Amino acid sequence: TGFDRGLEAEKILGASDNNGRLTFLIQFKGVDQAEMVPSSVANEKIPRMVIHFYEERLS
Amino acid sequence: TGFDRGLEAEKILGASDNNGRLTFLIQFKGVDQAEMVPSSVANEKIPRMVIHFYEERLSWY
Numbered sequence: 141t142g143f144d145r146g147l148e149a150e151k152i153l154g155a156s157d158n159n160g161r162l163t164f165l166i167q168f169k170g171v172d173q174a175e176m177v178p179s180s181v182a183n184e185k186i187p188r189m190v191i192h193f194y195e196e197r198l199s
Numbered sequence: 141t142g143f144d145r146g147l148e149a150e151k152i153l154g155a156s157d158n159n160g161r162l163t164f165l166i167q168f169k170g171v172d173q174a175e176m177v178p179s180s181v182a183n184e185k186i187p188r189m190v191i192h193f194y195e196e197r198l199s200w201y
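Just so you know, the protein sequences line up as chains A and B, in that order. Those letters in the first sequence? Residues 141 to 199, per the entry's author numbering, in order. Those letters in the second sequence? Residues 141 to 201, per the entry's author numbering, in order.
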């Protein structure tokens with residue numbers, strides 16, 4: 141919903157799977173508190189950042 | 141890669157890291173033998189299928 145407000149995602153701070161439903165914790169530029177975003181929104185809005193997160197967490 | 145020849149990715153069969161370098165094994169439609177593709181190509185061409193592969197890999201690992 142920082143996406144709704146047209147903010148710029150800076151990084152994905154974490155991912156949490158709740159019974160098959162994935163949520164990301166996303167740090168937005170110019171916003172102090174990180175925001176919980178469902179994977180359904182993140183996959184669409186910031187796919188390169190999602191892939192890089194998974195790629196790096198491949199460790 | 142198979143992407144250069146107009147082929148369509150059917151399924152990502154696996155991923156291999158070689159010193160920070162990730163390569164995917166990709167099943168292409170109508171081609172029996174799956175082929176290795178650098179992540180840099182797969183990320184650009186088939187990001188929905190890349191993401192889905194990671195969602196599932198990680199749900200089971």
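By construction, the Cβ of each residue, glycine as well, lies at the ideal position given by its N, Cα and C atoms.
- If you draw a straight line from the Cα of B/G160 to the Cα of B/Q173, it comes to about 26 Å.
- With a beta-carbon spacing of about 10 Å, A/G142 and A/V181 fall beyond the 8 Å limit used to define contacts.
- Closer than 9 Å to the CB of B/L198 there is at least one CB belonging to chain A.
- In the structure shown, the three-state DSSP call for B/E148 is coil.
- Per DSSP, B/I186 lies in no beta strand (DSSP E) and is assigned neither H nor E.
- Neighbours of A/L165 in chain B, taken as residues at a C-beta separation under 9 Å, are lacking, since the least C-beta distance is about 16 Å.
- Take the alpha-carbon of A/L162 and the one of A/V177: they are about 9 Å apart.
- Of all alpha-carbon atoms in A/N158, A/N183, A/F168, A/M189, the one lying nearest the alpha-carbon of B/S199 is that of A/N158.
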